[PDB]
Amino acid sequence: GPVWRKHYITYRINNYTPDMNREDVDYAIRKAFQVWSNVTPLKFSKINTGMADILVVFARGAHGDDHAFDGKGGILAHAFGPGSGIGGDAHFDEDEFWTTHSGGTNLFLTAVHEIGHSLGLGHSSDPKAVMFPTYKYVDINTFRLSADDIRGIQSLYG
Ligand SMILES: O=C(CN(CCO)S(=O)(=O)c1ccc(-c2ccccc2)cc1)NO
Ligand SMILES: [Ca+2]
Ligand SMILES: [Ca+2]
Ligand SMILES: [Ca+2]
Ligand SMILES: [Zn+2]
Ligand SMILES: [Zn+2]
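Residues numbered from 1 in each chain as written, not as in the entry; some residues may be left out. Chains lettered and ligands numbered in written order. Heavy atoms only, no water.

Structure determination for this PDB entry is given in the record as X-ray crystallography, at a resolution of 1.55 Å.

Structural data, given as structure tokens:
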């Protein structure tokens, strides 16, 4: 399916979850993009105004696309594959409790998975892969993509 056909990609944080400090939201999303630019030719930059390639949004329940959220638990987030408009956007369910650590749902780890979809990756059947479609906390300070994530992204870029 689709990929970004350019190397400089922008993101914008539309709004901030009250679950976290603002600077911690910024850092979690920045670190999550860095996971992917570590293993591709892509470069990611945060913009504070205008149209981004990837718009990062916190929202709950029905929020203007055809992918309504479901309250606490269940669906944690979703993202759209590369393309114009909503393409690339990553939406995080505000009914979850986002954190920097092992409590609640860790924003960084979730954003790594969603940004994988924003770049064109699907799900992996390997439980070790960040693209495996079940959230599990792992220590974020030593986090690494699996071999499967690496082969997957490198099949699309680089
Ligand atoms: O894949 C999904 C939707 N979800 C899976 C079932 O449809 S989910 O439950 O919201 C979800 C979202 C993220 C993760 C995830 C988060 C961090 C690391 C690994 C997986 C797993 C499930 N969105 O990307
Ligand atoms: Ca939910
Ligand atoms: Ca977009
Ligand atoms: Ca919340
Ligand atoms: Zn959505
Ligand atoms: Zn997913």
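> If you had to explain the overall build of the chain to someone new, which residues and values would you point to?
Scanning the chain from terminus to terminus reveals 3 helices and 7 strands. From first element to last, N terminus to C terminus, the chain shows the α and β order β-α-β-β-β-β-β-β-α-α. Here the C-alpha radius of gyration of the chain, 14 Å, is about what a compact globule of 158 residues would show, namely 15 Å. With respect to the principal axes defined by its C-alpha atoms, the chain has extents near 35 × 35 × 30 Å. Pairs at least 24 residues apart make up 65% of the contacts formed inside the chain by residues separated by at least 6 positions. Total accessible area on the chain is roughly 8,400 Å²; 51% of this is exposed by carbon and sulfur atoms. The positive charge centre, built from 14 side chains, and the negative charge centre, built from 18, are 8 Å apart in the chain. (Helix = DSSP H or I, 4+ residues; strand = E, 2+ residues; numbered from the N terminus. Rg over C-alpha atoms; globule rule 2.2 N^0.38 Å. Contact = heavy atoms within 4.5 Å. Areas by Shrake-Rupley, 256 points an atom, 1.4 Å probe, with all protein chains shown as cover. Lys, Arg positive; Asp, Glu negative; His and termini not counted. Charge placed at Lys NZ, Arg CZ, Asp CG, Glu CD.)

> Break down the coordination of the calcium ion (ligand 2) for me, citing the residues and quoting the values.
Summarising the metal site, the calcium ion (ligand 2) is bound by the protein donors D70 (OD), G71 (O), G73 (O), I75 (O), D93 (OD) and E96 (OE), whose distances to it range over 2.2 to 2.4 Å. Positions of the donor residues of the calcium ion (ligand 2), expressed as sequence spacing, correspond to D-G-x1-G-x1-I-x17-D-x2-E. Taken together, the residues span a long stretch of sequence, with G73 in the loop between β3 (54–59) and β4 (77–79) and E96 in the loop between β5 (90–93) and β6 (98–99) at a distance of 23 residues. (Donors = N, O, S within 2.8 Å, 3.2 Å for Na, K, Ca; no water.)

> Which residues make up the coordination of the zinc ion (ligand 6), and what values go with them?
Taken together, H113 (NE2), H117 (NE2) and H123 (NE2) make up the protein donors of the zinc ion (ligand 6), found 2.0 to 2.1 Å from the metal. Between consecutive donors of the zinc ion (ligand 6), the numbers of intervening residues give the motif H-x3-H-x5-H. Highlighted residues: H113 and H117, both in helix α2 (residues 107–118), separated by 4 residues, approximately one helical turn. Neither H113 nor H117 differs from the other in exposure class; each is buried. (Buried < 20%, exposed > 50% of the residue type's maximum accessible area, 1.4 Å probe, protein only.)

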